[PDB]
Structure formats: structure tokens, C-alpha cells
Amino acid sequence: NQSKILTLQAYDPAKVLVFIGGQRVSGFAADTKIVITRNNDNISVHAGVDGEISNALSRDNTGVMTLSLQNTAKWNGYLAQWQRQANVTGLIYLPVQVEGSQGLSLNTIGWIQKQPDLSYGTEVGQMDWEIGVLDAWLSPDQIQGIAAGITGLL
Amino acid sequence: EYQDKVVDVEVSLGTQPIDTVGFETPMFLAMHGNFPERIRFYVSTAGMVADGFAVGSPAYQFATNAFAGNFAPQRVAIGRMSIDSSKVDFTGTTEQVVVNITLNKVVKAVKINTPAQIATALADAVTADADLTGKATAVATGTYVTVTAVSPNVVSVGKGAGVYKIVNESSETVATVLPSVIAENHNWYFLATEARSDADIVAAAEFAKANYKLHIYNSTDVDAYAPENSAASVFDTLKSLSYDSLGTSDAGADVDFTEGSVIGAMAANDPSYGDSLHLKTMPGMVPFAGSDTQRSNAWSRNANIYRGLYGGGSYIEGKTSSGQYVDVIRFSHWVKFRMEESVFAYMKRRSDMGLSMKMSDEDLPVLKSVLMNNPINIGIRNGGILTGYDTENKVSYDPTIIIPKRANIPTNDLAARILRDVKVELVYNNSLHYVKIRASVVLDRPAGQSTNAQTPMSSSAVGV
Amino acid sequence: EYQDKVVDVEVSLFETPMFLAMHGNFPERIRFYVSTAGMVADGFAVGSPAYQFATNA
Amino acid sequence: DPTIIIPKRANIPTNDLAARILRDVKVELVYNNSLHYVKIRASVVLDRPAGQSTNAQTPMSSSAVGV
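Okay, here's the thing in C-alpha cells:
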């Protein structure tokens, strides 16, 4: 057996596009751009004494989308001003979209949950904004779909 | 050029688009006069009917069957032969008979309500239509009605409702026509014929082997599953000649031309996977109704049969006339075509910049990489080509490539400027066709097993 | 010598002994074969002593 | 699920880059349906209804006999 290349193209971080309200975000941090995590488990399990197993689905799809930006980036001002604008007017929701380069994507509504701490030091600082998401289901954008009707059994 | 709206939307209700797939376009050699060209390409039955083809006509049936497969192509090639007349045979039994006939862009559906009486009534009804009489002709005889078009008019006749045959007669022979057809376009892979005489089928089979095409035919014959000693069918005829052609028996092969279903289950299947046809489902075909002995006879004659199992329909055994599996033939053709295409594409690009290839040891070896790209590697990735070490024979399956050196090339080839003796080797994989299981059941308490804990020895030591 | 195709593919799925057989399949007192396929083309009946010797060798 | 597709720059013919107009954007949708007509099947019993079958097995899906 010979080793196989898992993809034809190369994963390019610059190809990952983040659209918050219809504008592209720029000025990201060094290591990680964005992290998406679900708040709660998908399926719960109830185990009886005799061994009977029953499960119930979870309808809580809220999640948190970390966003790292350099403190010198101009987008810090946009989010800071929008925070107060929403606080005064009362409108906090805005569309959020993420395009993957060689992975999953995301397209839902979101809001600003917490403002990151600010620290000034010898080197350029970093700010990790937290953006909520109404639904944290990562959707594919590939040829997937012809095999989902094959894995099905039982 | 001028757009009156910055944004416009066309709301199509119900319909949906389909993606563009790569495939091999089939060719159906039909006899008619709807267009002058020897061969045309259609993308849907709508275009064929727009060209004067009558609904239910052979070409229409073939196209609608081909476009309904899971691997159906997106183009169909329709050949053209001369046409002398056509027949509507009512041999058999039948309550309402409807025959769709189109004459010179004029579409009509004659109607009628013992076969001879039905044929005579239909012939009389045809003459009742003044338009048909002026431009077309009809005559009754026995159980069939013969219709002929007046010379400057084109008539197309197709099935409506009821039980009957539609047979078209033509003076042109397939052997004479195919050499002209191939001249206009060689861009097709599958070969099919409307005429179902033994001579036409044999001629098509002989032509296909010479011109590297795949031949398909449905026989609708009853001797196809006669006892093994009865070597009198076309299937047995082809065996003696060692020809290759995917032939199968059926019941509607001369009312629907079910070659379309097979092509649609074969067109968009990439040979690189070695994906046999064993159990592929095909719409349109009808299950084989014979008993076990008939199936055994058909298998002995290499006549494939469509069988229904557990509620569905399934092809079986995908065998050809010569006995070799169709999968192997397709794989061999795929390798033969694509190795050549890859090498030619590299050579042309290398000579289009100047610096054309030269016969020397310092430039020849690049053919190894050129060939290891394209087929030899795609086949391994998709599983068609086998690799690894064999434990039984103690041999390896690794693909091999050998290139001769300049010192070994005879002087004559340096004048002819052609290289020879390049060698390649491959090992083909195999699908799974049949499985046999051995079960066991226990009723009482099973007997206690042996309590030996030693590691089982391999073989007896006693040997001299 | 015309070659209609730029690239074509087929996709096709030491000391020497001497055996003094008795036969009349060719006039020469000796001949050289590279396999039993060449022998049968000369009319050698399968299982004949010369064919057996060649196939064993 | 609704679907949206957008073509890439490499697939846009050169002519449209001069006309500066994009084409081939595709969207799909599935429309719901209201309820218009309903048909009911009632039944009435007069005497004592007959005793029902006392089978307690889980109803099997389909016959096993198939070749």
C-alpha cells in the first residue's frame, strides 16, 4: 500500500474568509484565527439499573466563536463602536459567515458576547473577541451528499 | 447587450438543473430520413421530437431509456441509414390500438378497435386521413400493415398503445454504412444497431473489434435458453468466432430497444475502479421469467439475463460472448487509450516550445515519470490496480516500466525515427460475485471442548 | 509504414539442449523453437514425446 | 435545505468582464402546501364487538421468502 495525498490543493489560511455584517475581517493574530465550539453535547444518554439505554436529542445549538485580532487592527474600533450602538438602540444581532478553504463552513446569526481584555507591553498585544452564534452546526461545501445515503443502517 | 434591470430573476417552477458530467457518448445506428447528415448529437428527447421523430419510434425509445440510468450520458449519437418502408405487425392478440405517425412535420394518431381484421381496419383508417394519403401510403397484408412515404415526404411511425411490432426495412447494409459513419465522427464509444438480423449483428461485431468499440445487442430470441446441445442461436454463433459483445436475452428488446438501459448503467462509470456490472439495477428492463434449467442454459450460452430478487431487479454476471468479463475489456481499453493520450500530450507540449525530444539516454527515461503520472497512478488510487507482495507465490505486484537504451536501438529505427520495445506490466484487481456460507445450530448442551493449551504445531516432524 | 496513431496501447489481458525425436514434421535435420506454441504450429501432436520434453524443459 | 451557488472568477468568460455583468447564480427552494380537501371513514358498532386476535408478537415488516 502506498501513501495517498489527502487533497489536491493546499490548505491556505488566507483563503478563509470571515464576513461579519457584509464586510471582510482583516488583521488577524499569529497562531489561530477563529475557534468554533458547541456549548452542549448533541445527545444525552440515560442508563438504567437493568442496562436499558434511552437517549434524547439536544435542541440547544448556541455556540461561541472566538476571534483573535491584533490590538493595532482597525476592526477593534468597529466592534467597539457597534457595541455601544447596540447597547443604546437595542439591536444586537447581525449576520455571520465563514468560508472554509479545505474544510467545513458556517453561516448563521451572531452577536458580541464579551469584549477581550486589553494589555500593553513590549510586543504588540492581542485581543480575542467572543462572538455568539445562534446555531453552531458546521455545514459542508463539498461533493458530500451521495454517500450519506449509504452509511445508513439499522 | 442592453439590460433594463440591475438585477433580474427567472423563476422556473418545478424544474431543476443538472451538473455537467464526463462520459462516453453512445451511438445508435437507426434507419430514417429526418436529416441529411450521417450522424447527429442530441441532448434530450425534446430535441429529437423537434426534428420530426415520432414518439415511440426506435430512436426515441433508445434515447429515453438511455437518459434514465444512474450513469446516463448527456449526449446521444443517432446514425442514419436509408429507408424503404416500415411495417406494423399485429401478430399475436390485442382493446384499443393507437399508432403514432408523423408525416412531414404533420403529427397524427390513427386509431382502431383477430390480427388480420385489425390490420385491415387500421389500413383503411390510414387511407381515410387525406393528409396521410396525399403524402403517405398504406396497404394491408396478412397480420401486418405496410406504410410507405411519398418520395418528397418524410414519415415517422411510433408505438402508441396496444401490442404490435414496428419494423423498418432498408436496402443499405450495416457493413457498407459504418465505414462512412466513422469517417464523419470518431467521437463515440458504444455501438448499437436497429436492424436485428444475424448478418447485421455479425457485421457490427466484426467492425467493432477492428475499430476498438464496444458492441451491445439484445436478441429477443427464444432459442437463447434452449438446451445446451442446440447450437443454433446468434449467441452460439458469436462464440465460434471468439468475438466480444455484451449480448443479453430479453422480451421487450424489439419494442423498446433496451440497449439504452445498459448504456445508462455503463456510460458514466469510470473503468479505473474496476466496478463490475454484477448487481447494477437498470430501469426499463423486465425480469427474466424462465425456470432454473432455462437460466442454466442461458449461462452456458453466455446470454446475460435480468433477474428480480427480493423485490428488486438486478443484472447478472456481466459476461461477454468470448467468456471474458466485460469489466476486464473496459479496463484494457481504458489503459490503451489513456496511456497513449498522456504520452502524446507530453510529447506535443515538449515539441511546441522547441527542444523536441531526442533519442538519447539522457532524455528517454523521463517517460517513466510521464507514464507513472495519469493512468498508472490514478488506477492505484482508485483501487483498480493492485499492489503489494504476494505471500503464496512470493512475488510482488508493483507496476514496472522498462525503457531501452540507445545502443540497443537498430540503425533502421534511427532513420524511421520511431522507438519500440517499451514494456509495462500491471495486475488487475477483482470484484466479488458469489458467496457461500456454512451455518450450524446447537440444541442440547454442547460437548465440552478439548482443554489443550499448547501452541498448535505446524506440521508433523516425521519426514525422511 | 504509416502509423495512424501517435500513441497506442495494447492492454493485452544459456546453453541449449537437443532432443533427437523421430518424426517427419519438417525436412531439416534440426530446428529451434522458443516454446511449444511454435511446435504445435508445425503439427506436433500434443503429448508427443518431443512436445512433452519441450514443455518439461 | 435551500441551496445557493456562486461561480468563480476563473469560470467567467472574458466578455462578461468587459460587460461587467455576472451570470449563472443559482438558487433552489421547496414550497409548502395548504390543505384543501379531507375525507373521513367512520364506523359504527351495534352488537358486542368480536374478540380481537390475542397475538402479542411485534409485527414483522415483510415476508422472508424472496429469491
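Protein chains in written order, with the authors' numbering: chain CJ, 3 to 156; chain Cy, 3 to 96, 99 to 117, 123 to 473; chain x, 3 to 15, 25 to 68; chain CI, 407 to 473. Every residue gets a Cβ at the ideal spot worked out from N, C-alpha and C, and that includes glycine.
{"Query": "Short of 7 Å in beta carbon distance, which residues of its chain neighbour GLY54/Cy, apart from the five on each side in sequence? Order them along the chain.", "Result": "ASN36, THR106, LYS109, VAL163 and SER165"}
{"Query": "Which residues mark the beginning and the end of the alpha helix (DSSP H) in which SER360/Cy is found?", "Result": "335-360"}
{"Query": "Tell me, please, whether the region 447-463 of chain Cy touches the region 404-418 of chain Cy by the rule of three or more beta-carbon pairs shorter than 8 Å.", "Result": "no"}
{"Query": "Of the residues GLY171/Cy, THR155/Cy, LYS112/Cy and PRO124/Cy, which one's Cα is nearest the Cα of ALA139/Cy?", "Result": "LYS112/Cy"}
{"Query": "Taking 6 Å as the limit between beta carbons, can you name the residues of its chain near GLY94/Cy, skipping five residues before and five after?", "Result": "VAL172"}
{"Query": "Does DSSP put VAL114/Cy in a helix, in a strand, or in coil?", "Result": "strand"}
{"Query": "Does the beta-carbon distance from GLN4/CJ to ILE385/Cy come in below 9 Å?", "Result": "no"}
{"Query": "Got a sec: which bits of the region 47-67 of chain CJ sit with their beta carbon under 7 Å from any beta carbon on chain Cy, in order along the chain?", "Result": "none"}
{"Query": "Starting from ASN306/Cy and walking both ways along the alpha helix (DSSP H), at which residues does that stretch end?", "Result": "301-309"}
{"Query": "Expressed to the nearest angstrom, what Euclidean distance is found between the alpha-carbon atoms of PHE30/Cy and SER300/Cy?", "Result": "33 Å"}
{"Query": "What does DSSP give as the partner residue(s) for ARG40/CJ in the beta ladder?", "Result": "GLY65/CJ"}
{"Query": "Would you tell me roughly how many angstroms separate the C-alpha atoms of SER121/CJ and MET129/CJ, rounded to the nearest one?", "Result": "9 Å"}
{"Query": "To the nearest angstrom, how far is it from the Cα of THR155/Cy to the Cα of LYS174/Cy?", "Result": "12 Å"}
{"Query": "Comparing C-alpha positions only, which one of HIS195/Cy, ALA134/Cy and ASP86/Cy sits nearest to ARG40/Cy?", "Result": "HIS195/Cy"}
{"Query": "Tell whether a beta-carbon distance below 9 Å holds between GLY273/Cy and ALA32/Cy.", "Result": "no"}
{"Query": "Can you check DSSP and say which residues form a bridge with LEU318/Cy?", "Result": "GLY321/Cy"}
{"Query": "Start and end of the beta strand (DSSP E) containing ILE411/Cy?", "Result": "409-411"}
{"Query": "Using only alpha-carbon positions, find the residue among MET275/Cy, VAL159/Cy, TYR234/Cy and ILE314/Cy that is nearest to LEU200/Cy.", "Result": "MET275/Cy"}
{"Query": "Please name the residue in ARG61/CJ, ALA82/CJ and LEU108/CJ whose C-alpha comes closest to that of residue 2/CJ.", "Result": "Nothing can be reported for residue 2/CJ: it is not among the residues displayed for chain CJ, which extend from 3 to 156."}
{"Query": "List the endpoints of the continuous alpha helix (DSSP H) containing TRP84/CJ.", "Result": "77-91"}
{"Query": "Using a C-beta to C-beta distance shorter than 8 Å, which residues of chain CI count as neighbours of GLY320/Cy?", "Result": "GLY472"}
{"Query": "Is the distance from the Cβ of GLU203/Cy to the Cβ of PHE266/Cy below 9 Å?", "Result": "yes"}
{"Query": "What whole-angstrom Cβ distance do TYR252/Cy and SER309/Cy have, given they're in contact under 8 Å?", "Result": "About 18 Å separates the two Cβ atoms, so there is no contact after all."}
{"Query": "Taking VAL473/CI as the reference, give the member of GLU434/Cy, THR464/Cy, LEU318/Cy and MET348/Cy with the closest Cα.", "Result": "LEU318/Cy"}
{"Query": "Might you give, ordered along the chain, the residues of its own chain that have their beta carbon closer than 6 Å to the beta carbon of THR142/Cy, omitting 5 neighbours on each side?", "Result": "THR136"}
{"Query": "Kindly list, in the order they appear in chain Cy, the residues whose Cβ is closer than 8 Å to that of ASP10/x.", "Result": "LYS345 and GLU349"}
{"Query": "How many angstroms separate the CA atom of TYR226/Cy from the CA atom of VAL159/Cy?", "Result": "32 Å"}
{"Query": "Against chain CI, which members of the region 18-29 of chain Cy pass a CB distance test of less than 8 Å?", "Result": "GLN18 and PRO19"}
{"Query": "Is the Cβ of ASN3/CJ closer than 9 Å to any Cβ of chain Cy?", "Result": "yes"}
{"Query": "Taking residue 118/Cy as the reference, give the member of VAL114/Cy, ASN117/Cy, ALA149/Cy and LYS144/Cy with the closest Cα.", "Result": "Gap in chain Cy between 117 and 123; residue 118/Cy lies inside it and carries no coordinates."}
{"Query": "At what residues does the alpha helix (DSSP H) containing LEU250/Cy begin and finish?", "Result": "243-250"}
{"Query": "Anyone know if the C-beta pair for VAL47/CJ and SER60/CJ falls short of 9 Å?", "Result": "no"}
{"Query": "Compare the C-beta of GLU39/x against all C-beta atoms of chain Cy and say whether one is closer than 9 Å.", "Result": "no"}
{"Query": "Is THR124/CJ buried or exposed, if buried means 16 or more other CB atoms sit within 10 Å of its CB?", "Result": "exposed"}
{"Query": "Interface residues of chain B around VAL13/x at Cβ under 7 Å?", "Result": "The structure shown has no chain B; the protein chains it does contain are CJ, Cy, x and CI."}
{"Query": "So does the region 205-220 of chain Cy actually touch the region 279-298 of chain Cy, counting three or more Cβ pairs closer than 8 Å?", "Result": "no"}
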